[PDB]
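Take a look at the structure below.
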Amino acid sequence: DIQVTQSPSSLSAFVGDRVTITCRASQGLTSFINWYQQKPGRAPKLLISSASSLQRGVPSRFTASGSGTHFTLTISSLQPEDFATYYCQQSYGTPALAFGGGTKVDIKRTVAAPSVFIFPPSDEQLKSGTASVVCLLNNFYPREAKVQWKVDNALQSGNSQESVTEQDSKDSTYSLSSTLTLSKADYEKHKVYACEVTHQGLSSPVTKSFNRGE
Amino acid sequence: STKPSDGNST
Amino acid sequence: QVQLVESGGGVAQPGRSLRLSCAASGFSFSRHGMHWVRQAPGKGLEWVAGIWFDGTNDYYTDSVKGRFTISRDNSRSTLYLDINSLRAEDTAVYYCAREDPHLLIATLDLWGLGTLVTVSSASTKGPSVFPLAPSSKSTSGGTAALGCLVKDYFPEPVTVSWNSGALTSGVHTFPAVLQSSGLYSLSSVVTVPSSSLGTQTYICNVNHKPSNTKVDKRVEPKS
């Protein structure tokens, strides 16, 4: 089927850097391409069309080169208001429109390892029948980070969910929570609960753990 | 001619 | 204001029907092709439907054809999206968007703020709030983390404050996650000086307006 793919999925840059996003799109109607910009919690807006020729309110530091199935958007001298997610978009003769998956441009800063914390479930929750075990990765950069849950050193899968904050307005870090959910009965079968973390700021994995009941 | 997407003139 | 305004979103049950409206102001609505584009929570933009300036030639992405109808009333400068049977995968913010008449690539140059459609069988329910207790390994003269787990509520949103808003430095309230049960959960955490544990009191103030639920949960080091 029609595919529109962008690379990379994410990139970091300093205010003033030069950025280039790639769009690979099934051949469309016109061999032009459109780019949109969207900031968190906000509606998308049209950034630039490679079909346009008038000047428009475009601040011009944006360039959309390419034709066919291969396109790029470049931001020369990135500015603070440019940190956002960018979508390319093609149109087709069916007719149809198709958006790429997006590219998030975030703020580059010095690498910072997460501060890791593990929280056992409360006795209150256990009586209700469920154990939530929570692992917090606090104030780290870059975004990429892996949490591995281990239960009596057995690696878990399929029983956790993660959430991540938006990049912090003051220090440009992220924070992340991972929540392991077990029934009361499954929770009580094991002793050692551990969250193991890898991140660019860590040269070997960090583990935080507790023993059930202690 | 006509644009297939919006019906407007090309 | 040159704008589009979507309405009609809300919680709907799978299998039911829904009608979204989009009110245009400030331009000649009947000269423009119009589109609906949606965005599922945490996902990218997905185009779903388009229509010619004159209300003919409505067309769709494959996964919604036969379920969605896009239509327009040019005398009232309004665009519509009818969904005749909702699926869980239809949960998204729905944007209406205007097509540029002069560019041959279909180009969406004006967007509304969107309307959220939440397809779910869940009933309104206030959260249970549980402590994330500061660790007993918390080191004197260092930093400790503590928080509240705000679990099993519907629909969004909840708000969380700490100590009635007196504590804001170091607070991270995470985005909610949708659980396999169809209920939401989130955690709010804060880092504090370990010396304040034995001395200062920490309470998370949780408000869930849709259920008129308010909970103030004390978070203490555990026994």
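Against the numbered list (1) under 18 Å from the mean Cα position of the chain (by Cα); (2) closer than 17 Å to C:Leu108 by Cβ; (3) not aliphatic (A, V, I, L, M), C:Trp47 comes up short only at (1).
Please determine, by comparing only the residues of region C:41-78 that are among the aliphatic types (A, V, I, L, M) and away from chain B (no Cβ under 13 Å), which one is nearest to A:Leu46 (Cα to Cα).
Narrowing region C:41-78 to residues among the aliphatic types (A, V, I, L, M): C:45, C:48-49, C:51, C:64, C:70.
From what is left, the residues that are away from chain B (no Cβ under 13 Å) are C:45, C:48, C:64.
Details: C:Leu45: 13, C:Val48: 17, C:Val64: 25 Å.
By that ranking, first place goes to C:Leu45.
Among the criteria (1) of a type in the set (D, E, K, R); (2) in a helix (DSSP H, G or I); (3) in contact (Cβ under 8 Å) with a residue 60 or more places away in the chain, the one A:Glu81 does not fulfil is (3). Of A:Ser163, A:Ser169, A:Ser178, all but one fail to be of a type in the set (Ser, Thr, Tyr), in contact with a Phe, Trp or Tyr (Cβ under 9 Å, 6 or more places away or on another chain) and surrounded by fewer than 20 Cβ atoms within 10 Å (Cβ to Cβ); the exception is A:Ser163. Look at (1) closer than 30 Å to A:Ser9 by Cα; (2) in contact (Cβ under 8 Å) with a residue 60 or more places away in the chain and you find that A:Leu97 fails only one, number (2).
Go through region C:182-196 and count every residue that is assigned to a strand (DSSP E or B) and either among the hydrophobic types (A, V, I, L, M, F, W, C) or more than 10 Å from chain A (Cβ to nearest Cβ) (or both). Can you show your working first?
Step one: of region C:182-196, the residues assigned to a strand (DSSP E or B) are C:184-193.
Then drop every residue that is not either among the hydrophobic types (A, V, I, L, M, F, W, C) or more than 10 Å from chain A (Cβ to nearest Cβ) (or both), which leaves C:184, C:186, C:189-190, C:192-193.
So the count comes out to 6.
What do you reckon, is A:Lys189 within 14 Å of chain C (Cβ to nearest Cβ) and either under 27 Å from A:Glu214 (Cβ atoms) or of a type outside the set (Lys, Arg) (or both)? When the stated conditions are applied, A:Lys189 does not pass them.
Those residues that are aliphatic (A, V, I, L, M) and touching a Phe, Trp or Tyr at 6+ places or on another chain (Cβ under 7 Å), I need them from region C:135-176; list them, please.
Applying the first criterion (aliphatic (A, V, I, L, M)) to region C:135-176 yields C:144-146, C:149-150, C:158, C:160, C:166-167, C:171, C:176.
Correct list: C:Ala145, C:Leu146, C:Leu149, C:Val171, C:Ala176.
How many of the residues in region A:53-104 are of a type outside the set (A, V, I, L, M) and either under 23 Å from C:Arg38 (Cβ atoms) or at the interface with another protein chain (Cβ under 7 Å from one of its Cβ atoms) (or both)?
Of region A:53-104, the ones of a type outside the set (A, V, I, L, M) are A:53, A:55-57, A:59-63, A:65-72, A:74, A:76-77, A:79-83, A:85-95, A:99-104.
From what's left, either under 23 Å from C:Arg38 (Cβ atoms) or at the interface with another protein chain (Cβ under 7 Å from one of its Cβ atoms) (or both): A:85-95, A:99-104.
The qualifying residues number 17.
Would you pick out the residues in region C:24-47 that are surrounded by 24 or more Cβ atoms within 10 Å (Cβ to Cβ) and of a type in the set (A, V, I, L, M)? Within region C:24-47, C:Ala24, C:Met34, C:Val37, C:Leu45 meet the criteria.
Got a sec? Which strands (runs of 3 or more DSSP E) wholly within region A:1-65 have at least 2 residues that are crowded, with 18+ Cβ neighbours inside 10 Å and touching a residue at least 40 places away in the same chain (Cβ under 8 Å)? Can you show your working first?
Values: elements: A:4-7, A:10-13, A:19-25, A:34-38, A:45-49.
Ranges flagged: A:4-7, A:19-25, A:34-38.
Listed here are the residues, each with its yes/no results for (1) closer than 20 Å to C:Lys222 by Cβ; (2) out of contact with any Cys (no Cβ under 9 Å at 6 or more places or on another chain); (3) without any contact (Cβ under 8 Å) to a residue 24 or more places away in the chain.
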residue	(1), (2), (3)
A:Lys108	no, yes, no
A:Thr130	yes, yes, no
A:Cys135	yes, no, no
A:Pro142	no, yes, no
A:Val151	no, yes, no
A:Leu155	no, yes, yes
A:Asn159	no, yes, yes
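Has region C:132-142 got any residue that is among the basic types (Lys, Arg), at the interface with chain A (Cβ under 7 Å from one of its Cβ atoms) and farther than 27 Å from C:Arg16 by Cβ?
no
From the list C:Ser180, C:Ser135, the one residue that fits, being crowded, with 18+ Cβ neighbours inside 10 Å, among the polar types (S, T, N, Q) and within 20 Å of A:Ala131 (Cβ to Cβ), is C:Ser135.
Kindly indicate the residue of region A:105-127 that is at the interface with chain C (Cβ under 7 Å from one of its Cβ atoms) and closer than 16 Å to A:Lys184 by Cβ and also surrounded by the most Cβ atoms within 10 Å (Cβ to Cβ) among those meeting that condition.
Result: A:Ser122.
Sort through C:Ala176, C:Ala145 and tell me the only one that's closer than 16 Å to A:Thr165 by Cβ, facing chain A (nearest Cβ under 9 Å) and under 25 Å from the mean Cα position of the chain (by Cα).
Working: C:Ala145 fails: under 25 Å from the mean Cα position of the chain (by Cα).
After applying the criteria, what remains is C:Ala176.
Among the residues examined, C:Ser121 qualifies as away from every other protein chain (no Cβ under 12 Å) and either of a type outside the set (D, E, K, R) or part of a helix (DSSP H, G or I) (or both). Only one entry in C:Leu108, C:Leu103 is within 14 Å of chain B (Cβ to nearest Cβ), without any contact (Cβ under 8 Å) to a residue 12 or more places away in the chain and crowded, with 20+ Cβ neighbours inside 10 Å, namely C:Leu103.
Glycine gets a Cβ as well: all are built from the backbone with ideal geometry, and neighbour counts include every protein chain shown. No value in this document is a laboratory result; all are computed from the given coordinates.
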